Amino acid sequence: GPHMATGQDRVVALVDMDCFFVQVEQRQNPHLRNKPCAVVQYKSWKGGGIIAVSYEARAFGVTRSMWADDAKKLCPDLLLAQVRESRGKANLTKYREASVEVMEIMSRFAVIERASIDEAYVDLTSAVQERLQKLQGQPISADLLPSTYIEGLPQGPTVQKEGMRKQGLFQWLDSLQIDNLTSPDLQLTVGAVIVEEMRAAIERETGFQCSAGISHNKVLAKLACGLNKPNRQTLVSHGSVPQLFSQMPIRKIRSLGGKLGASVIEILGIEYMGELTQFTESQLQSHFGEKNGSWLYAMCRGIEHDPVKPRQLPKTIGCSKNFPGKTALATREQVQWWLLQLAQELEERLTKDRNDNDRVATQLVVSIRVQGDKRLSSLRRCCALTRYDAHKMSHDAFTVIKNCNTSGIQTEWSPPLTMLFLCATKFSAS
DNA sequence: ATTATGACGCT
DNA sequence: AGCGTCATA
Ligand SMILES: [Mn+2]
Ligand SMILES: [Mn+2]
Ligand SMILES: [Mn+2]
């Protein structure tokens, strides 16, 4: 009873940009605003590959990983912005720099964990305590939560969407006990007030809209964030978890979207997150391992302890290119030319990183894929990264992969390379 | 012929 | 270390 950990110790948010690369291009080019629009990479092959889609375009059924030629069949007036190409390859610098804009604003409110190019977790526990003390037991007005959904509400004894949101929010605020500074529901609510402020700052200062989730841990915050995209935020309380999870496919939870999630479904013969509660911790550990089993046992009850790491910067800087079909690299000079291209982009990004962030990478990882291999990577080798010099790095990368060439004579490369990848790792302060 | 990333876990 | 898994625009 009094000793059941309920995982309500923290307030955690996840802020995720809406259709992020599209918004970056729409800010740059006002003609793309409020239009069905997508961002594409390359063009020659089937119109290019779509990697981001505006919500207007999603209404036509356009998705990521769709060829633009096919997207145009669903949406003839679809507008397209192309990813920059430099040194023969897609270059994502504009989006990385836009990401930094957003991450630096979020960092003014709390220490953040950069989780992708367009999202970060925030531990708001401390900030909530201070806002609460400042609050002096004054109720939280609905006006402080103008874009917030309370998951699970309204419920019990209007056909418009904004009307429903307000009803739910009213029920939530009506039930709150603002008298108790240690009340988790209150703490989440104040967390949501801060995230409204955060999201307003991001939009004011960048032009970019985002969504967010507020809960007691990262997995619930991430899940919450997606519930009312775009341009809205969602509070998932501890109490909302049983109903929420009772019809939530297991694959929707972060980390369960792949083989593990499929094995949970197959081995246990269940479909929804909530169904996990009927297994003992030892039962889950027996099937999925000690760590996974303990994680599942707590997660299906709404509990997770994974901390928000204080890391705002990526800990690796990498450059990669596929060489699909018959563009696969079959000669030495080809392989060497592309290693140089990759190395030159890597040097440029590394040098900028050193100046901005007072650190130096010390290890170079070289990865290739060979024709026939289903795996993402066929081979990964490391060597020392001692100088930010593209020609040295590309020469070194070649040295480490030299022996993968099975051809008798050295001018040819066989079997042809379908992927090159250079990654700088192991940063030290400088 | 989705591609270009990036983090974390296992052994 | 090198490989595998999972994730995101
Ligand atoms: Mn996003
Ligand atoms: Mn995201
Ligand atoms: Mn996405």
Side-chain angles (χ1 to χ4, degrees), chain A residues 14 16-25 38-54 63-71 81-86 89-96 98-99 102 113-121 208 210 218-219 222 225-226 251-263 288-292 295 306 309 311 313-328 342 345-346 349 363 365-369 371 373-383 400 418-426:
Chain A
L14 180 278
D16 183 277
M17 311 303 292
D18 299 336
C19 57
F20 185 41
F21 290 12
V22 161
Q23 285 200 91
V24 174
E25 297 293 335
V39 171
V40 70
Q41 95 199 321
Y42 305 117
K43 154 89 179 157
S44 122
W45 188 262
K46 314 173 90 52
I50 293 180
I51 58 170
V53 186
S54 79
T63 64
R64 167 186 291 148
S65 84
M66 188 166 273
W67 298 114
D69 285 351
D70 297 333
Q82 292 187 250
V83 173
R84 174 178 151 186
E85 286 176 48
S86 303
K89 64 181 299 294
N91 188 297
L92 307 175
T93 298
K94 188 196 300 182
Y95 313 108
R96 290 192 184 98
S99 179
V102 173
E113 178 182 344
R114 178 204 197 266
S116 80
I117 196 164
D118 90 317
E119 76 209 80
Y121 296 91
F208 304 144
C210 61
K218 292 161 73 177
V219 164
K222 176 58 176 182
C225 182
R251 67 179 178 276
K252 298 303 183 179
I253 275 54
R254 192 187 179 276
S255 86
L256 304 178
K259 293 181 182 176
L260 177 58
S263 69
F288 311 114
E290 185 178 337
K291 200 175 131 264
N292 284 333
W295 183 86
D306 184 41
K309 304 180 185 205
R311 184 187 57 247
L313 308 172
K315 45 169 60 167
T316 61
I317 295 182
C319 295
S320 68
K321 185 159 178 30
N322 290 349
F323 302 94
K326 277 132 81 71
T327 71
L342 285 184
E345 177 184 331
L346 190 52
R349 284 163 60 192
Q363 184 167 74
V365 178
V366 184
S367 182
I368 66 180
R369 187 183 182 194
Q371 178 181 306
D373 206 320
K374 158 154 179 165
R375 295 173 301 169
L376 162 48
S377 167
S378 294
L379 183 141
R380 173 173 320 239
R381 299 284 195 262
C382 68
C383 61
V400 324
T418 52
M419 184 274 295
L420 296 179
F421 180 30
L422 295 183
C423 190
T425 73
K426 300 194 167 169

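Naming convention: chains lettered A, B, ... in sequence-line order (proteins, then strands); numbering from 1 in each chain.
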Heavy-atom donor-acceptor pair, A:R375 side chain to A:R369 backbone, under 3.5 Å: no
Any chance CD of A:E290 has more than 12 other-residue heavy atoms, nucleotides or ligands included, within less than 6.0 Å? no
Taking 4.0 Å as the cut-off, does a side-chain nitrogen or oxygen of A:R375 come that near to OP1 or OP2 on C:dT5? no
Taking only side-chain nitrogens and oxygens of A:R114, does any of them come within less than 4.0 Å of OP1 or OP2 of B:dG6? no
Just how far, in rounded Å, is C1' of B:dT2 from CE of A:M419? 15 Å
Whole-Å distance separating the CG atom of A:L342 from the P atom of B:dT3: 15 Å
Report which part of the nucleic acid A:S65 touches: base, sugar-phosphate, or nothing (heavy-atom distance under 4.0 Å, all strands). base
On a whole-Å scale, what distance lies between the P atoms belonging to B:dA1 and C:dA9? 25 Å
May I ask you to decide whether A:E345 forms a salt bridge with A:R349, counting only side-chain N to carboxylate O separations under 4.0 Å? yes
Would you mind telling me which of C:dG2, B:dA1, B:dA7 lies closest to the side-chain atoms of A:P324? B:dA1
Pick one: which of A:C382, A:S377, A:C423 meets side-chain contact (heavy atoms from CB on, under 4.5 Å) with A:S367? A:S377
Stacked pair A:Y95-C:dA9, distance under 5.5 Å, angle under 30°: no
Base-pair groove approached by A:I51 - side-chain heavy atoms, under 5.0 Å: minor
